[PDB]
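A.B. asks: Build me a structure from this.
(chains A, B and C, ligands or ions: 6)
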Amino acid sequence: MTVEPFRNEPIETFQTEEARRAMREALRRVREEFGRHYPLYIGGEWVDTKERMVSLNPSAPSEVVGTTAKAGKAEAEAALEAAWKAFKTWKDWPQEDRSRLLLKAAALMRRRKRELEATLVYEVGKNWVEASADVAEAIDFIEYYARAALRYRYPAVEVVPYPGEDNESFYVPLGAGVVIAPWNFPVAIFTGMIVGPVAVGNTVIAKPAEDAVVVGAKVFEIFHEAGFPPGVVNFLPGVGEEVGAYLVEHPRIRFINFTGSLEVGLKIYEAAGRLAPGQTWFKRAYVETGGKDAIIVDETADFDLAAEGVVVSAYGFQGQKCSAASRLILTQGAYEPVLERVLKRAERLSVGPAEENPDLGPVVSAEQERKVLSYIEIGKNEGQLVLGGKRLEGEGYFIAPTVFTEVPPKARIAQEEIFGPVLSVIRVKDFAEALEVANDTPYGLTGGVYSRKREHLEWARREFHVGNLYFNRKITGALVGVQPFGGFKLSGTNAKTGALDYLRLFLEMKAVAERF
Amino acid sequence: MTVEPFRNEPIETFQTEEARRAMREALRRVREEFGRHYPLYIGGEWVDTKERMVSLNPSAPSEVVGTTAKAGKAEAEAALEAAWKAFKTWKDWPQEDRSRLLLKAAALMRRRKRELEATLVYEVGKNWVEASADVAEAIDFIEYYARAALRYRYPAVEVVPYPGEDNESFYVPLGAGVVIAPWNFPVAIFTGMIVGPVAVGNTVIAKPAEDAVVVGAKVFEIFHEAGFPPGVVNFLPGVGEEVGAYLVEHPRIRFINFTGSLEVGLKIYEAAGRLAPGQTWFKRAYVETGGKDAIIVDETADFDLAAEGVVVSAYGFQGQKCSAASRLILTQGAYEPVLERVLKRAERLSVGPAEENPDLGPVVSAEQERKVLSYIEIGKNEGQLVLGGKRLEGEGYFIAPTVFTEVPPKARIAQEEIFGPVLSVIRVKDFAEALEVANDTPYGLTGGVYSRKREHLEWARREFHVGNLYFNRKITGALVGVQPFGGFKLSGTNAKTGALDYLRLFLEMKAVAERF
Amino acid sequence: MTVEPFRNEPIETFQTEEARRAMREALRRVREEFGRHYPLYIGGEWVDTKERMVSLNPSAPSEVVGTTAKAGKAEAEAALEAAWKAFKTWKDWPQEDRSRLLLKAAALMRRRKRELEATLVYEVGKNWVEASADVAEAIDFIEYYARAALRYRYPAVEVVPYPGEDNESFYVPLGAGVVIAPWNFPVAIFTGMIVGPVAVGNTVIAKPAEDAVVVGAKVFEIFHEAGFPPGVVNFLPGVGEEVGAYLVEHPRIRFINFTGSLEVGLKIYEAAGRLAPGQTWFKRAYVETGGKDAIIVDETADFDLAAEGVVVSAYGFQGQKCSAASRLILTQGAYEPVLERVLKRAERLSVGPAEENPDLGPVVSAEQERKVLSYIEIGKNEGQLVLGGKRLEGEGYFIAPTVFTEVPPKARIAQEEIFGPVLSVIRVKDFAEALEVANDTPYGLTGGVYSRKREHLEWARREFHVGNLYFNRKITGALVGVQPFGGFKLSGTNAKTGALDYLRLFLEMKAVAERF
Ligand SMILES: NC(=O)c1ccc[n+]([C@@H]2O[C@H](COP(=O)([O-])OP(=O)(O)OC[C@H]3O[C@@H](n4cnc5c(N)ncnc54)[C@H](O)[C@@H]3O)[C@@H](O)[C@H]2O)c1
Ligand SMILES: NC(=O)c1ccc[n+]([C@@H]2O[C@H](COP(=O)([O-])OP(=O)(O)OC[C@H]3O[C@@H](n4cnc5c(N)ncnc54)[C@H](O)[C@@H]3O)[C@@H](O)[C@H]2O)c1
Ligand SMILES: NC(=O)c1ccc[n+]([C@@H]2O[C@H](COP(=O)([O-])OP(=O)(O)OC[C@H]3O[C@@H](n4cnc5c(N)ncnc54)[C@H](O)[C@@H]3O)[C@@H](O)[C@H]2O)c1
Ligand SMILES: [Cl-]
Ligand SMILES: [Cl-]
Ligand SMILES: [Cl-]
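C.D. replies: Residues are numbered from 1 along each chain as shown, chains lettered A, B, ... in the order given. Ligands and ions are numbered 1, 2, ... in the order given. Shown next is the structure:
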């Protein structure tokens, strides 16, 4: 109640000369900075190592955007020591003080937004608007969680009174935990998963994805400048199956906040359920995994509106979003009209170096390129290729917008997360069958419906089993505070980010009674 | 808002002639029915089996108090089918309707409380007031959760609005899950763990502890008369390692609500973390395990008040409580004064057949008797036996209130949960050391402090790491609504029963946006 | 919100045998302790002095009820040092902790209420119910202020937000102050004036009235057992014009909380307005002084109800109340009917040793007896004596209920506070004149109206200028929380006791802005 009500950070469109000028200068400075080395951040200080992590420009992989130190078991141990030592006092900070620290960090991040956006363009291949949306979401997480944390301040629990006694229940943080983040939203998700737990008194050891270690380091430069006490937040870039797994299985790690693939999420959730030797608690593990998101369009929809939303949802950031539309379910009456419009729009999409602000930049790495191309080959034997399906010319990892149609609902390309610019179109009889097909996957993250029929929309509101459902609009771009984000089924544990409920996940409750 | 504000059900003291008469009548009715056989309850009907489970009177084990059917894998599968079929429609009931069903069940239970209390007396050896407290708590859970559930009704999530869109977030139940309960509070905990999830739309398969299958069956008679739709609640008495484990590991079990030993809780939490073949979700498992609870007394305390609270906390229901005081930590100035008073009070405690309302009835079974006696032998090699430590004459499992002094903090009897009438007394230098010793165990459920020094009480409020802390009063008997119940560390996952937060554990959130 | 909602402590009527037995027991215990000596209480310890103060039984002045130490300038300085040293840390206690300390004190006082009541009976001559009402009010102040204080907890001020900034306003306590109390409600007012300021973080030096030093000491025994940190509350019995004035004029006294005569209140308010040498603040002084309270009765009233309320209001505790009805204003139609009934009831009132629970005990001291008798002589020259007006037989200061009629509104006995069992009856033409006469005094504390005419009651609600107005009931006995107590004009500064606003008087506000 001491700051203005939360509002989302505007996403820059770069339509004004001022915006373009600022972005061009930011891109130039980041490019001129290629090759910089960023150390680990442990206990309030930057610590270098002998080994290193290399981050390449996916639009021109011969170019090294930057390098960072590489955390091994020894560095993980040092971070654990620092995080637990810091927790001892950080947990006792008044919530108002912790929240003000977050607000300071948000102000600092906002002042460096163009630089962060430019870093995303070069490090992970996002075009200009995708980069702006990423950083805007990161700022939103900080602003939102700073305010939400105050709702849990001492003593926040509603209890029933008892004669002759004071009964007080309140929340306390868990301790030191590990954050393991993805490369697709390396500023937003990385920031959110760290600051949420930290806001309410926990301390964190952050493990950025290998493909986005440089931007992760820049986020830590902001944390350092903001003044977080030594040990409260630690930066440990390194190999997931190495330092990441080491921390996940550690007896002294209190919680794990993970966002990534289902394959890894399953391993982490299983490991979290085990009592490591000497462990004295039941670990909490929050795992937000992938999705196989569908957009249903029936014959009553605005076909042009639907086609535009489908193209944005399927190809934004080259389809490398957990929320991306990878399935397009069309009822018989909508099939021809919508598919023709989708193909016409998709074939006009530009693909090229992210710095040029194309509709699509490159996929993030050589391995991701190999995987997407492999799925395209699988798709050719499952459905009918009607657009793209090839790597484009150039050193960058450029893949053309791809569309398969007449895809069987149980085909691999209609069930497995490809995480590339590949859309599978499924033809169904009616809306009931559309919902059946939409629900018949192991996932349940995002989904959409384009329809003018009220009964179909309200039917879907109840029966389309996804955590984030959107009607007559794109299914990507969930806004902090507006759309609590998180899925069902194998899309994760339903830890809703950008929602009041998120912080409760990093707190435990104590009930204290005094009989007078 | 359509019913009176929640109030705890009064615990009968039997100080009036009418109360005593009513209890004698209930005891007679219950024993006249010792020959009854109770089938399983699946899909709205009582279903019998070939094999059976026998329940004995711990105060006279040659006497059978009843028999029940025995659930195997086949019955577990039938219950699963019924629970999922029921979930399909139960999840769509208006919350007001589900809450009214709970209120009806509470009214029916209240009308049969003497019968239930008498059943507890004979089946698990609780004396009169312990039995009344158990049933009263069960009624409280139903009344509390019925009201708390309405706080989550559609659409309950606070979100940030966005121009030209309707953004609605709401909770939905998880599905069919399994409840695995303990024998020490076979009416209260059994009821709470079932009705909490059910209140918000989930369906449950309940597995009562082998030692309390008869009273569990009587609770289901109430659920049946209340009118829960077929499949919403199912009763599956059987062997824990058989039918219990089968359900815990099942790919179609959505959540597990468990209260019991740490040994079993660890196995359940580990199993829940695994993806069974064909499983399509990350299982939620709530495990509330044991405790090694201590009461600290310093030299400023009211020694007589402390001694009384210690004896009540250590020997109530023969120490068979997760909240029982099994450790007495005395600062040097409080040592002799408190120990002398505790011994004087403890030596006056009566032990005998539970129906005669002794201070202590028998422990629940031959197995428990064996375990407690074994720990007494271990204690003789670690500390100094100063009171009790013997089995008393009679077929019933009568064990005398026991006290060990000069016990090392790291001794087995000072670290492991004995779950019997055994108190370990530890001498410490000052309050700081008292807290260190109090916190140095793998558990963190309940704790208490007797002191008049404000600074010591507020210090403990912050540093005595237990989920339920009590000052200048007994540490057992947490009241629904007043004292959210649940621990830290190896005492469990901190699922606070009798609190608004409890129901959130059995819900997931959906966010639906419509762009107009 | 962690304790039951506030409720007033019931006032014992002694209608049961148990109540009477309990009182007789308390009276015996108290008189057996008449030889006790009570030291000063400074910095957490009882400190004795060379000189002493003697307290006599007003019902038998040759009997000493106790003696206390006598504080001089040296002791006042020691108390100041202790109070300021304590303030340094007491001000930083979480409000929840300070409030719990008050609740503990209330619980301790409640357990010793018969003892305190008996002490009031013997030390200040209150009959049984007057004594019980006094102690009950004291308990009420503690319970009420403990809860009210939480309404001001950090950060409690509602402010307007500003872009890019955190703006936080909150309350902080003032420091060390002095409480100077009266002898008529030596438990209730003494307690309230101390615990209100203390609850929100201030420290206090309490100066009890000379005539009630023993009961004041017993209240401090409770504060000591409750555990207030050393220096937070200090007990300095002594001479008002000596130690009281010394503290009032001291440059290091932050505030003065006074309840007493107008004569003394005027001197205190004037002194508080001066900057003593070296003083670094503007002193706050709250002075609640006397009153010349009237009850108006018009011809539409229930004359029997009015007569009863008038007698209770005029003669309760021998008229030694700031709220006592000392003026009876009767319109012409109500004059004879009401006067006749008042005289009939008043003539039946018993007067004698307070312990025998008479309608009236003795006035508090030889000095008060002298003052009241002097006013009676003055009255004989201004009005017509129609009842009482004489000293009754016995060493005790027994004065008969007195009534003067045909008293001119401007007469000394109709303007000056007599503080004895003396009622002045004034005849007026109509209600308008009744209000004019009621308002024409330098005071404005309590007032009452007996009437059935709605228009007269609502007229008085707006025009009878007194801080506490009562319709168709006694004008004494304001209940904490129900009737904020405090007057207008020369009745004081309108510091409403037993109201949320009271605590604000002992706080200052700080506004802190951070530009991010
Ligand atoms: N649910 C969501 O909110 C959400 C959001 C964004 C991305 N995602 C998902 O993330 C995936 C893309 O991200 P990615 O390619 O970085 O995922 P990934 O699972 O391959 O790696 C995620 C993180 O885990 C680390 N890691 C890898 N193996 C590990 C192991 N054995 N133990 C511990 N840590 C290990 C990595 O180094 C990285 O930090 C896609 O499946 C996408 O749908 C989900
Ligand atoms: N934390 C709490 O709120 C709380 C409350 C009451 C009791 N308890 C604890 O419960 C224990 C006493 O109860 P108990 O003796 O019934 O405990 P237990 O762990 O032996 O059995 C608990 C339940 O689990 C079942 N079970 C046993 N083995 C199983 C397996 N492998 N898989 C699945 N289910 C299995 C049993 O049949 C029973 O229904 C003590 O440790 C006590 O502290 C805890
Ligand atoms: N307004 C109210 O709420 C309220 C309540 C009760 C009593 N009173 C008034 O209190 C008076 C009766 O009490 P009392 O006889 O104790 O009053 P008083 O004014 O004679 O004395 C009050 C207190 O002030 C001290 N004192 C005396 N002279 C002093 C000085 N020069 N400097 C500092 N302190 C000094 C006394 O020792 C005592 O502690 C009556 O006027 C009555 O109406 C008012
Ligand atoms: Cl759903
Ligand atoms: Cl804690
Ligand atoms: Cl007025």
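A.B. asks: Tell me, how many residues neighbour residue A:73?
C.D. replies: 13 (other C-beta atoms under 10 Å in any protein chain shown). All C-beta atoms are positioned from the backbone trio N, CA, C, and that covers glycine.
A.B. asks: Can you name the residue of the stretch 301-450 of chain A nearest ligand 1?
C.D. replies: residue A:322 (3.3 Å; C-beta to the nearest ligand atom).
A.B. asks: wait, what's in contact with that residue?
C.D. replies: Residue A:322 makes contacts with A:184, A:259, A:288, A:289, A:290, A:291, A:445, A:446, A:491, as judged by C-beta atoms under 8 Å, 6 or more residues apart in numbering or on different chains.
A.B. asks: Please identify which of the residues you listed is nearest to ligand 2.
C.D. replies: The closest of these, once distances to ligand 2 are taken by C-beta to the nearest ligand atom, is residue A:289, at 27.3 Å.
A.B. asks: Not counting residues beside it along the chain, what's closest to residue A:196?
C.D. replies: residue A:145 (4.9 Å; C-beta to C-beta, 6 or more residues apart in numbering or on different chains).
A.B. asks: The one you found contacts residue A:199, correct?
C.D. replies: Yes. Look at residue A:145 against residue A:199 with C-beta atoms under 8 Å: they come within range, at 4.7 Å.
A.B. asks: what is in contact with those two at once?
C.D. replies: Here residue A:145 and residue A:199 have A:102, A:503 as joint contacts, going by C-beta under 8 Å, 6+ apart.
A.B. asks: Those residues of the stretch 101-250 of chain A touching chain B, which are they?
C.D. replies: With C-beta under 8 Å from any C-beta of the partner chain as the criterion, the stretch 101-250 of chain A comes near chain B at residues A:157, A:158, A:159, A:160, A:161, A:162, A:165, A:167, A:169.
A.B. asks: by contact count, what packs against the strand or helix carrying the residue nearest to residue A:196?
C.D. replies: Assessed by DSSP states H and E, residue A:145 sits inside helix A:128-149. Helix A:128-149 sits against helix A:95-111, helix A:113-124, helix A:188-199, helix A:500-504, with contacts defined as 3 or more C-beta pairs under 8 Å, 6 or more residues apart in numbering or on different chains; DSSP states H and E.
A.B. asks: To residue C:248, which of the ones you listed lies closest?
C.D. replies: helix A:95-111 (38.0 Å; C-beta to C-beta).
A.B. asks: Tell me which helix or strand comes right after the helix or strand containing residue A:258.
C.D. replies: Following DSSP H and E, one finds residue A:258 within strand A:255-259. Later in the chain than strand A:255-259, the nearest helix or strand by DSSP H and E is helix A:262-272.
A.B. asks: now check that following helix, is it near ligand 1?
C.D. replies: Yes. Helix A:262-272 lies within reach of ligand 1 by C-beta under 6 Å from any ligand atom, at A:264, A:267, A:268.
A.B. asks: and the angle for that helix with helix B:262-272?
C.D. replies: Put simply, helix A:262-272 runs at 180 degrees to helix B:262-272, going by axes from the mean of the first three to the mean of the last three C-alpha atoms, to 10 degrees.
A.B. asks: List of residues touching helix A:262-272?
C.D. replies: Outside helix A:262-272, the residues that touch it by C-beta under 8 Å, 6+ apart are A:180, A:240, A:245, A:248-249, A:256, A:258, A:283-285, A:287-290, A:417, A:442-443, A:490, A:492-493, B:273-275, B:282.
A.B. asks: So which of those residues sit within helices?
C.D. replies: Assigned to helices by DSSP state H, the following of these qualify: A:245, A:248.
A.B. asks: Drop anything exposed from the contacts of helix A:262-272.
C.D. replies: Among the contacts of helix A:262-272, the ones that count as buried by 16 or more other C-beta atoms under 10 Å in any protein chain shown are A:180, A:240, A:245, A:248-249, A:256, A:258, A:283-285, A:287-290, A:417, A:442-443, A:490, A:492-493, B:273, B:275, B:282.
A.B. asks: filter these down to the ones close to ligand 3.
C.D. replies: Among the buried ones among the contacts of helix A:262-272, no residue is within reach of ligand 3 (C-beta under 6 Å from any ligand atom).
A.B. asks: Most proximal residue of chain A with respect to ligand 3?
C.D. replies: Counting by C-beta to the nearest ligand atom, chain A gets nearest to ligand 3 through residue A:516 (28.3 Å).
A.B. asks: Next, count neighbours for the residue lying closest to that residue once chain neighbours are set aside.
C.D. replies: Nearest residue to residue A:516, sequence neighbours excluded (C-beta to C-beta, 6+ apart): residue C:107, at 3.6 Å. Neighbour count of residue C:107, defined by other C-beta under 10 Å: 18.
A.B. asks: One more: the one 4 residues further on?
C.D. replies: The local packing of residue C:111 (other C-beta under 10 Å) involves 11 other residues.
A.B. asks: I figured residue A:36 was touching residue A:66, is that so?
C.D. replies: Yes. Using C-beta under 8 Å, residue A:36 is in contact with residue A:66, at 4.8 Å.
A.B. asks: which residues are common contacts for these two?
C.D. replies: By C-beta under 8 Å, 6+ apart, residue A:36 and residue A:66 have these common neighbours: residue A:214.
A.B. asks: neighbour-wise, which of those two wins?
C.D. replies: Using other C-beta under 10 Å as the criterion, residue A:36 and residue A:66 rank with residue A:66 on top: 24 against 14.
A.B. asks: what sits against residue A:124?
C.D. replies: Contacts for residue A:124 (C-beta under 8 Å, 6+ apart) come out as A:58, A:183, A:184, A:186, A:211, A:212, A:215, A:364.
A.B. asks: for residue A:126, same thing?
C.D. replies: If you count contacts by C-beta under 8 Å, 6+ apart, residue A:126 has them with A:120, A:134, A:317, A:354, A:361.
A.B. asks: Kindly recompute the last result at 10 Å.
C.D. replies: When contacts are counted by C-beta atoms under 10 Å, 6 or more residues apart in numbering or on different chains, residue A:126 touches A:58, A:117, A:119-120, A:132-135, A:184-187, A:316-318, A:320, A:354, A:357, A:361, A:364.
A.B. asks: so residue A:378 touches residue A:415, yeah?
C.D. replies: No. Using C-beta atoms under 10 Å, residue A:378 is not in contact with residue A:415; the gap is 11.1 Å.
A.B. asks: Now do the residue lying closest to residue A:486 once chain neighbours are set aside against residue A:487, distance only.
C.D. replies: Spatial nearest neighbour of residue A:486, chain neighbours left out: residue A:496 (4.3 Å); criterion: C-beta to C-beta, 6+ apart. To residue A:487, residue A:496 is 9 Å away according to C-beta to C-beta, to the nearest Å.
A.B. asks: Now do the shared contacts for these two.
C.D. replies: By C-beta under 10 Å, 6+ apart, the residues touching both residue A:496 and residue A:487 are A:288, A:467, A:468, B:508, B:510.
A.B. asks: Looking at the residues you listed, which is nearest ligand 2?
C.D. replies: The nearest member of the shared contacts of residue A:496 and residue A:487 to ligand 2, counting by C-beta to the nearest ligand atom, is residue B:508 at 24.1 Å.
A.B. asks: the domain parsing of chain A - what is it?
C.D. replies: As assigned by curated CATH domains, chain A contains the domains A:1-289+A:480-516, A:290-479.
A.B. asks: Pull out the buried residues from stretch A:302-313.
C.D. replies: A:303, A:306, A:307, A:308, A:309, A:310, A:311, A:312, A:313.
A.B. asks: For the first one, which non-adjacent residue is closest in space?
C.D. replies: Read that as residue A:303. Excluding its sequence neighbours, the residue lying closest to residue A:303 (C-beta to C-beta, 6+ apart) is residue A:337, at 4.8 Å.
A.B. asks: I'd guessed that neighbour sits against residue A:297; true?
C.D. replies: Yes. Contact between residue A:337 and residue A:297 holds when scored by C-beta under 10 Å: they sit 8.8 Å apart.
A.B. asks: Specify which residue of these two has the higher count of neighbours.
C.D. replies: Between residue A:337 and residue A:297, residue A:297 has the larger neighbour count (other C-beta under 10 Å), namely 30 against 17.
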